[PDB]
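Trainee: opening piece of a complex, kept in its complex position:
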Amino acid sequence: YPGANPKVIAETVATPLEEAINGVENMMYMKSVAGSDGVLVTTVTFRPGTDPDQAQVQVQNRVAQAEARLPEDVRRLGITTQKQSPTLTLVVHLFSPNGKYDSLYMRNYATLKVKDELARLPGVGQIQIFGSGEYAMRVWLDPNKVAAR
Amino acid sequence: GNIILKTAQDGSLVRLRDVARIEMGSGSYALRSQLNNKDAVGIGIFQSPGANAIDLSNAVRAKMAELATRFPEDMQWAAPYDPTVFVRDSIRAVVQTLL
Amino acid sequence: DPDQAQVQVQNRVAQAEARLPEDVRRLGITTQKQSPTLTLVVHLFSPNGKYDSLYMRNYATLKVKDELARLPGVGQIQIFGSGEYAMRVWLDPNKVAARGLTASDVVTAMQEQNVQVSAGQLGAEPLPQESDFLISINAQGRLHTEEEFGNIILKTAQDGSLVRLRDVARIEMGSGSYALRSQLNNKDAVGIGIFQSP
Amino acid sequence: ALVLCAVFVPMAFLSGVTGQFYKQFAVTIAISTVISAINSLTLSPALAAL
């Protein structure tokens, strides 16, 4: 929910999602963390021995039922529901020794050329990428110049 | 930048670049990544239940090594953490203990 | 397998959603596997009439249902009687129309003035020099009380005065549903069915 | 071998995360015990006589 206060994310995004999810079979507990980056992460944890594919689909059914409750800008960006693969196998970094490339360039290099190649390898459960953000076309407005016209 | 916002008094077209700076930038500024104080991006590779961790780490390294032949010069990769060493050690220990 | 039937149905419903009327979609459709095996029926009731079914049903929703749903072996909890709280705006159509207003005007004003707000931050990137502080901003868009909903501004009259919702409507925290009632030995009640899982 | 299975195999049924750890040891040790007994009744005396 870009720009929204953590309190608004908790009240208008995390609260309806939790209301929908509440009651899913074999759930042990659930937590929501809403930050000033505008991002909500709600983590639903299930009893040991629960099939994680079954957990995934039941949570994605409840999310679908809440999606109509959500703020329009949240819905326009889209929500994701993803079972977690807890066993780390390897950390890999890309980096630039001389500084010719920055983290924005390298993260998007990983997204364009690396991640999908790794995700195809047998035995991979999840690939997580940490640092900078996907490219976006940024229009940086000067409000005085906008309002002058 | 050439998006048209309106017609001005004199008949000129007001463009987006007349009121904005436009750049291909980032979708998020909230998290940064460095490796030994160089700019970086980190990649966590998680196995599925039932995988062979040692084979998966080798396959990830081999794939990185193939991809890295096409990296632009001045971009490199590293594997700063490999927790498959722990079960590799246990296997080595079984063989040494048996001997 | 009831879980396979549930998922296959829920994914077909998801595909039907584009065909449904807009108002049905905005409320949301639910798909739920049924748990056939009842274990216990529990009621709340008011001996001396201090509380009605609307109060007791929402007490159960707020205070009971979730604590029951965590007990080992529960498959489904069903609540029977009254409905969820809803903020009810009961329009007098003669007064609305006398102010020159349509029902659609009223709905639009209520959607304008009870809304989620994104207020932004000061000191976020990009800056030519390094910011020292990131300050989040708060702005209240949503309303909470009957009084606040009654103070919604439907229009400005010709003398410039503000026409309020409470001037054309009676506003109350009421029921989302009047279809089903619940009594227990002729006292107001709400019923709770606890179903075990297999 | 049965006495050792009587001791070890119930240890595969303990609760919680530690129970999952105990199961890894208990089942592995019970297997090796049974196979070693098989070997002790077959290959080992056969080899000794030979």
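Mentor: Received, thanks. Numbers count the residues shown, from 1 in each chain, chains lettered A, B, ... in the order given.

Trainee: going by C-alpha atoms from here, please, whenever you check contacts or count neighbours.
Mentor: Noted.

Trainee: where does chain C come near chain A, residue by residue?
Mentor: C:7, C:10, C:25-31, C:66, C:69, C:75, C:116-121, C:136-138 (Cα under 8 Å from any Cα of the partner chain).

Trainee: quick one, what contacts the most centrally placed residue in chain C?
Mentor: Central residue check for chain C by Cα atoms, centre = their mean: the C-alpha nearest the mean position is that of residue C:86, 5.5 Å away. When contacts are counted by Cα atoms under 8 Å, 6 or more residues apart in numbering or on different chains, residue C:86 touches C:173-176.

Trainee: residue C:133 too?
Mentor: Counting by Cα under 8 Å, 6+ apart, residue C:133 has contacts C:122-123.

Trainee: how much space between it and residue C:30?
Mentor: 45 Å (Cα to Cα, to the nearest Å).

Trainee: and for residue A:87?
Mentor: 34 Å.

Trainee: cool, and residue B:42?
Mentor: 40 Å.

Trainee: looking at the two, which one has more neighbours?
Mentor: residue B:42 (27 against 14; other Cα atoms under 10 Å in any protein chain shown).

Trainee: surely the more buried one is within a strand?
Mentor: Yes. Under DSSP: H, G, I helix; E, B strand; the rest coil, residue B:42 sits within a strand.

Trainee: give the contact list for it.
Mentor: Residue B:42 touches A:91-94, A:129-131, B:33, counting by Cα under 8 Å, 6+ apart.

Trainee: please narrow these to those residing in strands.
Mentor: A:91-94, A:129-130 (DSSP state E).

Trainee: quick one: buried ones out of the residues you listed?
Mentor: A:91-94, A:129-130 (16 or more other Cα atoms under 10 Å in any protein chain shown).

Trainee: what is the burial count for residue 38?
Mentor: Because you didn't say which chain, this covers chain A. 19.

Trainee: my bad, chain D
Mentor: 13.

Trainee: neighbours around residue C:128, how many?
Mentor: Neighbourhood size, residue C:128 [other Cα under 10 Å]: 6.

Trainee: for residue D:29, same thing?
Mentor: Residue D:29 has 16 nearby residues by other Cα under 10 Å.

Trainee: now the ones in strands among the contacts of residue B:42 in a markdown table, with distance to chain C?
Mentor: Putting the ones in strands among the contacts of residue B:42 into a markdown table (distance: Cα to the nearest Cα, whole Å) gives the following:
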| residue | distance to chain C |
| --- | --- |
| A:91 | 28 |
| A:92 | 28 |
| A:93 | 25 |
| A:94 | 24 |
| A:129 | 21 |
| A:130 | 19 |
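
Trainee: filter the buried ones among the ones in strands among the contacts of residue B:42 down to the ones near chain B?
Mentor: A:91-94, A:129-130.

Trainee: include chain E as well:
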Amino acid sequence: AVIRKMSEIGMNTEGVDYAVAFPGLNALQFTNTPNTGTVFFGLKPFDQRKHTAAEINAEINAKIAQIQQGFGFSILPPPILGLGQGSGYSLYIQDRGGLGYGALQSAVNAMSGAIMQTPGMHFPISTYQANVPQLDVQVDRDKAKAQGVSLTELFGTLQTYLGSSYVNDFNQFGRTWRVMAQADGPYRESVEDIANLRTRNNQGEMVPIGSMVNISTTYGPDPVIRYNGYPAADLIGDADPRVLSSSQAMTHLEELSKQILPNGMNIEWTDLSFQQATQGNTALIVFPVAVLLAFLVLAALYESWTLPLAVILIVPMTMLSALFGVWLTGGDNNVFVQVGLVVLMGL
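Mentor: Okay, here's chain E dropped in alongside the others:
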């Protein structure tokens, strides 16, 4: 800037290969928070360095303790990703009575101090921090509407300029990317920058936001945390097994919380603690079953209901010898020791 100083410290500590740094990353939640950062220090293989991980950690800590600009830490890692510790504990404090973010902060402070002064328990750590300075923009709705400014326009102006608006997508490099609109950073730095934003009334005139709002400083949490449907705060902490067991620790914290927390707050265990509090000890069945099964096998072998006892009654002595060696060397009774004991009893 502080993370980069910590990275330099770790990089210049003998035995450290890498400073894997993430300014922004809150390690307790793995979400992003602007006043938090994480940096992992990757160690050389033991045989390429002189010092142990504990020695290296102790050295880094002495150096980062000299950084005045924030509170830096370096700790040993858990043996298992996704469970955390083993003797410690994890709980949330939940606010169930609508007491608000400030009372939750006071509850956190009060519990954390009381825990810090329990012997064998250090100050727990929390993601929660309700005293983050913020700003509150109080909209005079009557005055906006009286002059023809709709709240959609007013709110929308704040949202796009100060918060950014997702516009739509475009394609580049063969992929889909967002298009975003926002004020450039220099125009959203000050309270006056907010007040000078202009919206338009129904007459077409440009109206400054500042003429329809009151801006004041306030405080709020970042991030906001909820647990099982309630505003909440996490507490992660240690409990020294040589002082108190995890079970005594949990019992103490339950009692502390009953004395300290105001009516309408409570604690809930999570992660490994939730499992301990909700698991029964099936050893009370498993151990007698194991002894009875072994007795029965021996009663058959010996055709005697009494001779099995000559075997069964000696096994406590092996358990005693093993634990005595553990005790004499300062060890604990961890799962590797526990299986060692049972294998020795089998021998």
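
Trainee: repeat for the neighbour count of residue C:128, accounting for chain E.
Mentor: The number of residues near residue C:128, taken as other Cα under 10 Å, comes to 8.

Trainee: wasn't it part of a helix?
Mentor: No. Residue C:128 sits outside any helix when classified using three-state DSSP, being coil.

Trainee: wait, does the longest helix along chain D make contact with chain B?
Mentor: Criterion DSSP state H: the longest helix present in chain D is helix D:16-41. No. If you take Cα under 8 Å from any Cα as the test, helix D:16-41 misses chain B, and the best it gets is 13.2 Å.

Trainee: quick one: contacts of the helix or strand that comes right after that helix?
Mentor: The first helix or strand that comes after helix D:16-41 along the chain, using DSSP states H and E, is helix D:43-49. For helix D:43-49, contacts defined as Cα under 8 Å, 6+ apart pick out no residues.

Trainee: and for stretch C:116-125?
Mentor: A:1-5, A:8, A:12, A:71, B:29, C:131-142, E:155, E:158-159, E:161-164, E:185, E:188-190.

Trainee: do you know how far the residue nearest to residue E:130 when sequence neighbours are not counted is from residue A:39?
Mentor: The shortest distance from residue E:130 to any non-neighbouring residue, by Cα to Cα, 6 or more residues apart in numbering or on different chains, is to residue E:221 (3.9 Å). The gap separating residue E:221 from residue A:39 is 14 Å, by Cα to Cα.

Trainee: more neighbours: which of the two?
Mentor: Using other Cα under 10 Å as the criterion, residue E:221 and residue A:39 rank with residue E:221 on top: 23 against 20.

Trainee: so the more buried one makes contact with residue E:131?
Mentor: Yes. Assessed by Cα atoms under 8 Å, residue E:221 is found in contact with residue E:131 at 6.4 Å.

Trainee: hey, which helix is longest across chain E?
Mentor: Max-length helix for chain E by DSSP H is helix E:283-302.

Trainee: got the angle between it and helix D:16-41?
Mentor: 10 degrees (axes from the mean of the first three to the mean of the last three Cα atoms, to 10 degrees).

Trainee: any buried residues in helix E:283-302, and which?
Mentor: Buried, per 16+ other Cα under 10 Å, within helix E:283-302: E:283, E:286, E:289-290, E:293-299.

Trainee: go back to those residues and keep what's next to chain B.
Mentor: Near chain B, by the rule Cα under 8 Å from any Cα, you find none of those.

Trainee: all the strands of chain E, residue numbers only.
Mentor: E:16-26, E:31-43, E:89-95, E:132-139, E:165-172, E:175-183, E:198-200, E:206-208, E:213-220, E:224-227, E:230-237, E:265-269.

Trainee: tell me if the fourth one is near chain C.
Mentor: Yes. Judged by Cα under 8 Å from any Cα, strand E:132-139 comes into contact with chain C through E:133-139.

Trainee: following sequence is chain F, place it on the structure:
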Amino acid sequence: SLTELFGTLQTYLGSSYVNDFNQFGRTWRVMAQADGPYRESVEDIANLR
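Mentor: This next block brings in chain F, placed alongside the chains you saw above:
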């Protein structure tokens, strides 16, 4: 327009879901409808404006 005509029948006589609000820690609907005494007779229907 039929949109206005049908919309008038729907909100006054059938109720319209407006949006949501928060109270007691939860989400609830906001609903608009004529009060009951204004939707009892066929004349009440005809008199909607």
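
Trainee: same as before for the neighbour count of residue D:29, with chain F this time.
Mentor: A count of nearby residues for residue D:29, using other Cα under 10 Å, gives 18.

Trainee: that one and chain F, how far apart?
Mentor: 53 Å (Cα to the nearest Cα, to the nearest Å).

Trainee: dump the residue contacts of that residue.
Mentor: Counted by Cα under 8 Å, 6+ apart, residue D:29 has contacts residue D:8.

Trainee: enumerate the residues of chain E near chain A.
Mentor: E:22, E:29, E:31-33, E:81-82, E:159, E:161-166, E:175, E:177-185, E:187, E:197-199, E:206, E:220-229, E:270.

Trainee: strands along chain B, start to end?
Mentor: Using DSSP E, the strands found in chain B span residues B:4-7, B:13-15, B:20-26, B:34-35, B:38-47, B:76-81.

Trainee: cool, and chain A?
Mentor: Under DSSP E, chain A gives strands at A:27-34, A:40-46, A:88-95, A:124-130, A:135-141.

Trainee: would you map the helices across the stretch 1-150 of chain E?
Mentor: For the stretch 1-150 of chain E, the helices defined by DSSP state H, counting those that start in this stretch cover E:2-11, E:53-64, E:101-116, E:141-146.

Trainee: among those helices, which is nearest residue A:116?
Mentor: Of all the helices of the stretch 1-150 of chain E, helix E:2-11 sits nearest to residue A:116, with 30.5 Å by Cα to Cα.

Trainee: can you tell me how far residue E:275 sits from residue E:248?
Mentor: 15 Å.

Trainee: tell me which of these two has more neighbours.
Mentor: residue E:275 (17 against 13).

Trainee: how many residues are close by whatever residue of chain C ends up closest to chain D?
Mentor: Nearest residue of chain C to chain D: residue C:72, at 16.1 Å (Cα to the nearest Cα). Residues lying near residue C:72 (other Cα under 10 Å) number 10.

Trainee: how is it assigned, secondary-structure-wise?
Mentor: Classified using three-state DSSP, residue C:72 is coil.

Trainee: ok, now residue C:104?
Mentor: helix.

Trainee: phi, psi for the residue of chain A found nearest chain D please.
Mentor: Distances between chain A and chain D by Cα to the nearest Cα are smallest at residue A:48, namely 8.8 Å. Main-chain torsions, residue A:48, degrees, to the nearest 10: phi -50, psi 140.

Trainee: for the residue positioned nearest the centre of chain D, give me its contacts.
Mentor: Closest residue to the average C-alpha location of chain D: residue D:30 at 1.8 Å, with Cα atoms, centre = their mean. By Cα under 8 Å, 6+ apart, residue D:30 lies in contact with D:4-5, D:8-9.

Trainee: contacts for stretch E:111-130, please.
Mentor: Against stretch E:111-130 from outside (Cα under 8 Å, 6+ apart): E:26, E:28-29, E:101-102, E:105, E:219-225, E:233-244, E:253, E:256-257, E:260-261.
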